[PDB]
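Contents: one structure, followed by commentary.
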Amino acid sequence: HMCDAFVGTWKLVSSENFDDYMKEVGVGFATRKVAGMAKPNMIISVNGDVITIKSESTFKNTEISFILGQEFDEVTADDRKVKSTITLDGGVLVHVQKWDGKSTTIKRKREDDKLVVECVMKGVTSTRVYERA
Ligand SMILES: O=C(O)c1csc(Cc2cccc(Cl)c2)n1
């Protein structure tokens, strides 16, 4: 019952600062433009201790499966090869990515009927809001 309130199909309804977040991460111009136009659906499911997060859009379809607190290797939609760990901290899913001596954190929280995604790297934050599909 770990993530019950996150499970479901979610659609992007708003974004702020995502281009600048992507610049900070190191994403190149063409990828930023196409990725920034995407309107992904995020599909979260749980089977036993394994959580699966899928993101589907015209830009890219991604899927990660993981156990909380157990590191895994991830190829991000922008083609970084990162080492990721996802934990629950006070009801917030905290997804940390480490690569090339750098780090970024993606937090996912339930707030009212929304799922709010906050992405941070070195003072650059982006907030992306999803609603149930
Ligand atoms: O709400 C989302 O769609 C989301 C937040 S963070 C992330 C992962 C990422 C970072 C930089 C470039 C790209 Cl294309 C993807 N995807």
Side-chain angles (χ1 to χ4, degrees):
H1 292 280
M2 44 197 199
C3 288
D4 282 358
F6 293 96
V7 164
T9 299
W10 301 90
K11 58 177 176 184
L12 183 74
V13 301
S14 68
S15 185
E16 181 192 21
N17 300 324
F18 192 59
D19 188 48
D20 283 341
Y21 171 76
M22 290 191 286
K23 286 182 181 178
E24 178 61 27
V25 166
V27 184
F29 178 94
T31 298
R32 290 201 314 278
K33 295 297 144 178
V34 176
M37 282 292 295
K39 318 284 192 312
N41 292 143
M42 183 175 39
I43 307 146
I44 301 178
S45 60
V46 179
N47 178 327
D49 294 332
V50 182
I51 304 167
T52 302
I53 303 176
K54 301 180 178 183
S55 180
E56 309 191 344
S57 78
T58 60
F59 166 63
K60 204 86 78 206
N61 296 334
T62 63
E63 175 175 344
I64 61 171
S65 294
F66 57 91
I67 298 173
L68 292 169
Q70 301 193 3
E71 187 168 58
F72 59 98
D73 290 310
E74 179 181 9
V75 181
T76 65
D78 63 305
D79 289 346
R80 288 173 286 130
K81 293 50 171 157
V82 309
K83 294 185 175 295
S84 290
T85 310
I86 302 177
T87 55
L88 218 26
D89 178 14
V92 177
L93 283 165
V94 182
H95 179 179
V96 182
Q97 302 175 329
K98 303 299 191 185
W99 75 112
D100 300 346
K102 298 171 195 157
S103 187
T104 187
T105 297
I106 303 162
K107 290 185 179 178
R108 297 171 174 95
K109 322 171 172 182
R110 272 302 311 272
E111 305 186 7
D112 301 318
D113 291 324
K114 301 164 165 33
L115 191 162
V116 179
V117 183
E118 294 166 350
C119 307
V120 179
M121 190 179 170
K122 297 186 112 213
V124 182
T125 308
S126 171
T127 302
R128 288 167 63 95
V129 179
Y130 292 73
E131 283 179 5
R132 287 201 185 267

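Just so it is clear, the values below take in all heavy atoms, side chains as well, and ignore hydrogens, waters and symmetry mates. Residue numbers count from 1 along this sequence. Atoms within a ligand are numbered from 1 in the order they appear, just like the ligands themselves.
Residue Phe6 is grouped with residue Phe66 when hydrophobic side chains (ILVMFWY) are merged at heavy-atom distances under 4.5 angstrom, including chains of intermediate members.
Neither the backbone nor the side chain of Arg32 comes within contact range of ligand 1; no heavy atom lies under 4.0 Å.
Atom 16 (N) of ligand 1 has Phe18 CZ, 4.3 Å as its closest protein atom, hydrogens excluded (heavy atom only). Of the protein's non-hydrogen atoms, the one nearest atom 1 (O) of ligand 1 is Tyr130 OH, 2.7 Å. Looking only at heavy atoms of the protein, atom 6 (S) of ligand 1 is closest to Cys119 SG, 3.4 Å. Here the protein heavy atom with the shortest distance to atom 15 (C) of ligand 1 is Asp78 OD1, 4.0 Å.
Within the 3.5 Å criterion, the main-chain N or O of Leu93 finds no donor-acceptor partner in the side chain of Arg108. For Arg32 (side chain) and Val34 (main-chain N/O), no donor-acceptor pair under 3.5 Å exists by modelled atom type.
Note: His95 and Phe72 have tilted aromatic rings, judged against thresholds of 30 and 60 degrees for the angle between ring planes.
Under the 4.0 Å criterion applied to side-chain N and carboxylate O atoms, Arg80 and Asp78 are assigned as salt-bridge partners.
Per-residue contacts place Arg80 under 4.0 angstrom from the following atoms of ligand 1 (heavy atoms of the residue considered): 10 (C), 11 (C). The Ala35 neighbourhood of ligand 1 comprises atoms 14 (Cl), with distances under 4.0 Å to a heavy atom of that residue. Each of the following atoms of ligand 1 lies closer than 4.0 Å to a heavy atom of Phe59: 14 (Cl). Atoms of ligand 1 lying under 4.0 Å from any heavy atom of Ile106, numbered from 1 in the order shown and given with element: 6 (S).
Contact of the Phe59 side chain with the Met37 side chain is not registered, since no non-hydrogen atoms from C-beta on lie closer than 4.5 Å. Looking only at side-chain heavy atoms (C-beta outward), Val124 and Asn17 stay at 4.5 Å or farther from each other.
For the residues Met22, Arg108, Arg128, the heavy atom positioned nearest atom 4 (C) of ligand 1 is part of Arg128.
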